[PDB]
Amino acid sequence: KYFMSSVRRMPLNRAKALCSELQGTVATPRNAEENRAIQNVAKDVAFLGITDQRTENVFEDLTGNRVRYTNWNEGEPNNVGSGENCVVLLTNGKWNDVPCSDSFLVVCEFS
C-alpha cells in the first residue's frame, strides 16, 4: 500500500471522489503500522475510509467490510450532536468520529 495526502480540505463525498479519480480509495489502516504511515503523510486531521453510515456503531470500510483494527481516541466514537458517521485520524494518530459533511484533509490509499 502507498499513501498520499491531499493538500486541501473537503467533505467525505468529495474525498472519496478524489481517491477514486486515481483508482485508489480513502486510506483504511488495518494495523498500527499502517496507522502510523497514514499519520505521517497527513499534516493535519484527515478522513479515513471508515464509516458507520449503514449501521450505527458498526464501523466498516468503504466496501462494506467490517474493520477489526481500531485506534479510537479516548471518549470516541461518541456520535455527538445530530450524528457522526465518518472517521478522521487526529494528529496524534487516534481516531474520532465526525459528521461526513464536515471538511478535513484526505489520505488516499493505493495498491
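Numbers for residues come from their place in the sequence shown, where the first is 1. Throughout, rigid core stands for the largest set of C-alpha atoms superposing within 1.5 Å between the two forms.
After superposing on the rigid core, the larger RMS C-alpha deviation in 9 other deposited structures of this protein belongs to 53-61, the other candidate being whichever of 53-61 and 31-39 remains. Of the two segments examined, 100-108 and 4-12, it is 4-12 that shows the higher average Cα temperature factor in the deposited entry.
Averaged over CA atoms, B-factors in the entry run higher in 65-73 than in the other of 28-36 and 65-73. Looking only at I50, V45, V80, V58, the residue with the top Cα B factor in the deposited structure is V80.
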